[PDB]
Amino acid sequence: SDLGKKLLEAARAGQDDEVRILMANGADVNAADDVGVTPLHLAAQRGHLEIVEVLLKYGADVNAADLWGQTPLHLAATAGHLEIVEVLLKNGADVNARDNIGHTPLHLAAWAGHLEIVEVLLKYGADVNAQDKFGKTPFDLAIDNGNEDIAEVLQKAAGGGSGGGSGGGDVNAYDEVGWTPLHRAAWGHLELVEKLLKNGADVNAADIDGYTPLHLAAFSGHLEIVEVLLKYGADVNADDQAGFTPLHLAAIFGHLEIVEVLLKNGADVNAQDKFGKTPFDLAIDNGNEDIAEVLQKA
């Protein structure tokens, strides 16, 4: 117990000598602190290969879960410790263990951008189709975080191979916040927005908060994306749940060129948000007088 704490500190500190001393003196290899963290957790997390190996030789529980459901393999995979991931897998680690969000090690490797870990996990039977509690696959998490090389590997492993890194699947798929590929692409990925629209993406898909891609493009200030969305039928006066139209958003954030494009495409200057404010009102409130002039003249 007292030895148990000392083994935890030693394992965390990567003090190989003290770990062996403490073991020789009868320390519990499966000691755990008050949040379920074990020496193997700490050694695996912090890249202490030799300590991971000796703990496992002495019978450390390779699949011990802490309070957050995490196993040592979760932590090693997140950290990108390749050799430790292999050792854990060679010592009976559950390759598809779940943390409390439902992440598998493959999710976490994809999240953290560790290509060699992703390949290793797949080799040892990782479930390429695993979904976390928010419906995300490892492929989804890779795509989200811009890890394109990993996305390619995962899509091929899932049997829909070729062209994964540049996104993949149904152009009208949606996740739990109601985001379609077009919602993601609206944030400055012009060529991808174009491709999606040409491939039949719903230009007016509203997410769980009521935002269309045009709202998000207006928010992030991407003129050419605002233009192409409108060209392919975007609802210029779509209102979110807060009553904001894209013209409201452009007026708040001082996007004059976008304001002009929206007006040209039939934006309503009299539209009121939930607080009764028009785009002109918000332009004044946010110190954008030039836009206010254009809006009044309209």
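Numbering starts at 1 and follows the sequence shown.
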Stretch exceeding the other in mean C-alpha B-factor - 175-183, 194-202 = 194-202
39-47 versus 255-263 - greater average Cα B-factor per the deposited record = 255-263
query = Per the PDB entry, which option out of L229, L247, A31, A242 has the greatest Cα B factor?
reply = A242
ask   = Say you rank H215, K156, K123, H189 by Cα B-factor from the PDB entry; which sits at the top?
value = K156
note = Chain thirds by Cα B factor, record data; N270 belongs to the highest
task = Give the position of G167 by CA B-factor within its chain, expressed as the lowest, middle or highest third.
result = highest
request  = Rank-wise, by C-alpha B-factor, drop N147 into the lowest, middle or highest third of its chain.
outcome  = highest
CA B-factor placement of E83, once the chain's modelled residues are sorted into thirds = highest
inquiry  = By the recorded C-alpha temperature factor, relative to the other modelled residues in its chain, which third is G26 in?
reply    = highest
